[PDB]
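In what follows, every chain begins at residue 1, and chains take the letters A, B, ... in the order their sequences are listed.
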Amino acid sequence: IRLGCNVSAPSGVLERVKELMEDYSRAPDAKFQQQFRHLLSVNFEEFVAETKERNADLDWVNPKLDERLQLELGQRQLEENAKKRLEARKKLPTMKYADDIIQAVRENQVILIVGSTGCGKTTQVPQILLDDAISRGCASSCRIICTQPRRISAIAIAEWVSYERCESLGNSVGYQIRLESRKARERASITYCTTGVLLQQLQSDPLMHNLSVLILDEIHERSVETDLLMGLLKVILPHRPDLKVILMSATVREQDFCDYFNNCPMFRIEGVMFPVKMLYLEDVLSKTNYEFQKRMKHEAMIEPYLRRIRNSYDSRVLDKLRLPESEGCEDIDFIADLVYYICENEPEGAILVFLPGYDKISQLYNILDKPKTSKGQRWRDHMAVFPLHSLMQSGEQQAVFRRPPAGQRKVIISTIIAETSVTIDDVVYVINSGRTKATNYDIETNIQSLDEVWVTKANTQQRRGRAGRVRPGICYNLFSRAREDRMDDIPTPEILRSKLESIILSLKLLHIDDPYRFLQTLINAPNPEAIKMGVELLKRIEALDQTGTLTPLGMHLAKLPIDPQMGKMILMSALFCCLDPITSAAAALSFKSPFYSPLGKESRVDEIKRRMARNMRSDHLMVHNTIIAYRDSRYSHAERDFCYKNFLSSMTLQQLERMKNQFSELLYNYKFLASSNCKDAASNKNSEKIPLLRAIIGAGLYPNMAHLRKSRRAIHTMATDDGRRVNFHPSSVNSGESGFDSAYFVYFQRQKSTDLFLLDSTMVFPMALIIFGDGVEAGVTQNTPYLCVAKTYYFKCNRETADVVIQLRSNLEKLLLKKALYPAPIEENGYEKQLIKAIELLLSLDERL
RNA sequence: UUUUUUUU
């Protein structure tokens, strides 16, 4: 072993820490504790038993309301601002099935509706179920929940359905998403929510007694949430004979779902869509006959196909198809050329280019903006070009959705983001390169990767769909039909790629204590070894004992709507009075960063960040400083001018702030704070003590450590605690920096792309790791006295410190156990604070001078 | 160097 720096502490510091610790050791409530032991002490049937009493509002109906609504439905359908849309709504395909759906719901607990774009299932099915109940004089027994994957969907659909009923939002229709609602009346109502909303409500209503019809939408996307929720319905439905579930799906492996609920009824409702012709690589080449400019397999693949098509393509269009580079988006000039070909032949209408990511979007944009080509600068000032990317701003504007200045043709360069999430309406032409990026997880290298791959059949049929919303259009797929037959049906179901810590933990609140056995029953079962890794992580942060059973701290973490590691971070920040900065770090990790990356300004966004970082060498503290600066700009009425000069999204910034306030109100209700204000003075008296902040951050992100080793932009020799070589991601504020006060870092996500990168990081000090971590041992290996952490990092430490530190840990552990089991704010002049002050004092030794 | 989404 090789020893790191000395962490020994001054005598007079040690002694005061010893006075403080013994002040803590001298001292001589519990509604939470009783809920905790109650959860552990009941079986499943008692659990089901008791959640039914406590949730029985729908057993009560209001007959005078049933009859009045029923009267006003019969009468509103004779008025006329209410049969335009009855005629209009009845020209949607779903309405042809109205009676048949009603009948199918009546006869079955679970039906499946399979539809496609335009079919109207999402807007009409809940209105058919509702109106059926009002008409039959059953209004008040009817509460309908329709889940969506996305926040924006939930809103727009609710508004539209509400508009179709000539009601303001809040009446028969509403929506609910994280921290924003327009709730509908309790009974005779339809509510559109994100799936995760419902899944959090399960904790209070684990058997869904508080709704009559559940409509799961868009399940074919195989999000973790709908996958989880279909798996839970298999537990819930046997004890809820009268609950109705309608599954709804696009035409993307529909039979899987049908098969999953024994073999339930299935409707196929058609979409409303213009014809779109599908040209493949051989056909695009055959019309542009562009030529290309300076592993096989690739003609092992391409040549049996090339024969079956000897007769029907030109001489050697068969050419380029032998070129590996002809497919995908290797050659951006090919693509730019196809943009030009569409610009002069084929009538007007926007072009939508699908490229795998930021880099290629950038190349193609520059090639149009400053062109080499003869047929480039003719067209330059007759194209309205927008790049479209999650990290770019143009999406959340409006200039991209409205049609172009006349004489100009709109061109959209985009990631997969325009497949479902973002919709442009004058698109007539789609160039589908067939290339995208996806995250992947190797289960026993622990490397998460970001890889360019071929799209799926599912992605292509959707992309094609995007061409035909306003008029017959065309989808150009820059790969060959031989490529397509190698392509997969659908993406990998995200639950097969995800970490399961929060899922395993949250199942405990639903009285599902065996994660292996429940998870195994999903449409696609996760690798059991991933589950194991999940459990060990929760065992390590002590959310579970080593039986696998919930700890008092684990219950608190389960109840916070954030990943457990960052929950632990937030609770700790309540104890050590640093709520505001840490909840910022927490919120930004959980959601995303408020910075754009607008094309070409990479260099000066880099410079904004480094300035916001204030030399604190922390991506996480940089976001907090950003929020501090944001708050002031608002106080100064300079909000827009601030967000503009600093490449920041004001709407990410506000959402970050609603999240922090959510964590502060929750922490108050759980009795960790005396105030629900995230900015409260008492809650924040240590929020400027940067070494302390680093410690609590480290407390959350532990055990993700990394250690930098050499000098020398600047080049780095850094390796995570597992031994693997990493570098700071260049988007991170620590990339290329030199002269850190410490060689140690914590990180939330590591990700392999061009290299194995730490996506985010905070410089931490050895003593902070040692106090809050584990694997702490005091020994002598050379003839030096050491003190270690995680049995991985060994620091020189005299033994008078090793002993105070080890005692400090023993006290820190006892205190944390007791705050979890009997939550109360830490009294400012009580015995517990003494121990807090003890820890603060040791950590202050590493203040930057 | 920067696929994308979500939380009573």
A:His729 and A:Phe757 aromatic ring geometry - parallel, tilted or perpendicular at 30°/60° bounds =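 Answer is perpendicular, since the angle exceeds 60°.
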Any idea how A:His556 and A:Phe32 line up, ring-wise: parallel (<30°), tilted (30 to 60°), or perpendicular (>60°)?
->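 Because their plane-to-plane angle is under 30°, the rings of A:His556 and A:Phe32 count as parallel.
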N/O (side chain, [X]) to phosphate O (OP1/OP2, [N]) under 4.0 Å:
{"X": "A:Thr195", "N": "B:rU7", "result": "no"}
{"X": "A:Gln203", "N": "B:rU7", "result": "no"}
{"X": "A:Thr194", "N": "B:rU7", "result": "yes"}

Using the closest heavy atom to pick a nucleotide of RNA chain B for each, name whichever of A:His389 or A:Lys559 lands nearer the 5' end.
->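 By nearest-heavy-atom nucleotide position, the 5'-most residue is A:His389.
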In this structure, how many angstroms lie between the [atom2] atom of [N] and the [atom1] atom of [X], rounded?
{"X": "A:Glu180", "N": "B:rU6", "atom1": "CD", "atom2": "P", "result": "12 Å"}
{"X": "A:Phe728", "N": "B:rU2", "atom1": "CZ", "atom2": "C1'", "result": "18 Å"}
{"X": "A:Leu198", "N": "B:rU7", "atom1": "CG", "atom2": "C1'", "result": "12 Å"}
{"X": "A:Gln751", "N": "B:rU3", "atom1": "CD", "atom2": "P", "result": "9 Å"}
{"X": "A:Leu202", "N": "B:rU6", "atom1": "CG", "atom2": "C1'", "result": "15 Å"}
{"X": "A:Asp217", "N": "B:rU6", "atom1": "CG", "atom2": "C1'", "result": "16 Å"}
{"X": "A:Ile417", "N": "B:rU2", "atom1": "CD1", "atom2": "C1'", "result": "13 Å"}
{"X": "A:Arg658", "N": "B:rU8", "atom1": "CZ", "atom2": "P", "result": "14 Å"}

Just checking, A:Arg486 and A:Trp454: is the charged tip under 6.0 Å from the six-membered ring centre and within 45° of the axis?
->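 No, cation not above the ring by the 6.0 Å, 45° rule.
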Under 4.0 Å from any atom of RNA chain B, heavy atoms only: list the residues of residues 143-157 of chain A that qualify, in numerical order.
->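 Those residues whose heavy atoms fall under 4.0 Å from RNA chain B, taken from residues 143-157 of chain A in numerical order, are A:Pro149, A:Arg150, A:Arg151.
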Where along residues 488-508 of chain A does a heavy atom fall under 4.0 Å from RNA chain B?
->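 Listed by number, there are none.
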Heavy atoms under 4.0 Å, any strand shown: does [X] hit a base, just sugar-phosphate, or nothing?
{"X": "A:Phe591", "value": "base"}
{"X": "A:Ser390", "value": "sugar-phosphate"}
{"X": "A:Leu199", "value": "nothing"}
{"X": "A:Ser597", "value": "base"}
{"X": "A:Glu221", "value": "nothing"}

Would you mind telling me which of [options] lies closest to the side-chain atoms of [X]?
{"X": "A:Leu391", "options": "B:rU2, B:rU4, B:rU7", "answer": "B:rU2"}
{"X": "A:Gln176", "options": "B:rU8, B:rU1, B:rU5", "answer": "B:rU8"}
{"X": "A:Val197", "options": "B:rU4, B:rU1, B:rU8", "answer": "B:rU8"}
{"X": "A:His729", "options": "B:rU2, B:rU7, B:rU3", "answer": "B:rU2"}
{"X": "A:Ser421", "options": "B:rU6, B:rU7, B:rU4", "answer": "B:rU4"}
{"X": "A:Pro730", "options": "B:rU3, B:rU1, B:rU8", "answer": "B:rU1"}

Please check if any side-chain donor atom of A:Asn459 sits under 3.5 Å from a side-chain acceptor atom of A:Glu419, or the reverse.
->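 A pair is found: one side chain offers a donor N or O, the other an acceptor, under 3.5 Å apart.
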Between A:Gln148, A:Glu180, A:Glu159, which is the residue that forms a side chain to side chain donor-acceptor pair (under 3.5 Å) with A:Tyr175?
->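 The side chain to side chain donor-acceptor pair (under 3.5 Å) with A:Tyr175 is passed solely by A:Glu180 among A:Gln148, A:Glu180, A:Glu159.
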Give a yes or no on whether a donor-acceptor pair under 3.5 Å exists between the nucleobase atoms of B:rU8, that is its base, and the side chain of A:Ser204.
->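 It does, because a donor-acceptor pair links the side chain of A:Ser204 to the base of B:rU8 below 3.5 Å.
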Any donor-acceptor pair under 3.5 Å between the side chain of A:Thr415 and the base of B:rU3?
->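 When only heavy-atom distances are counted, A:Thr415 does not reach the base of B:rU3 through any donor-acceptor pair under 3.5 Å.
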Pair up each side-chain donor or acceptor in residues 586-599 of chain A with any protein partner under 3.5 Å, not counting sequence neighbours, and list the distances.
unit_1	atom_1	unit_2	atom_2	d
A:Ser593	OG	A:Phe595	N	3.3
A:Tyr596	OH	A:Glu396	OE2	2.3

Residues forming a ring-ring contact (aromatic ring centres under 6.0 Å, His included) with A:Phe401, sequence neighbours excluded |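 Listed in chain order: nothing, the list is empty.
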Go through the structure and list residues passing side chain to side chain donor-acceptor pair (under 3.5 Å) with A:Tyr192, not counting sequence neighbours.
->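 Scan of A:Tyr192 (side chain to side chain donor-acceptor pair (under 3.5 Å), adjacent residues dropped) gives none.
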Taking only distance into account, with no hydrogens and no angle test, what donor-acceptor pairs under 3.5 Å do side-chain atoms of residues 490-505 of chain A form with protein atoms, sequence neighbours excluded?
unit_1	atom_1	unit_2	atom_2	d
A:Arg497	NH1	A:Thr439	O	3.2
A:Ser498	OG	A:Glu494	O	2.9
A:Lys499	NZ	A:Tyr441	OH	3.0

Please confirm whether the backbone N or O of A:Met718 pairs with a side-chain atom of A:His716, one donor and one acceptor, at under 3.5 Å?
->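 Checked: no pair found.
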Are any of the side-chain heavy atoms of A:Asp606 and A:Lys601 separated by less than 4.5 Å?
->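 Not touching, per the 4.5 Å side-chain cut-off.
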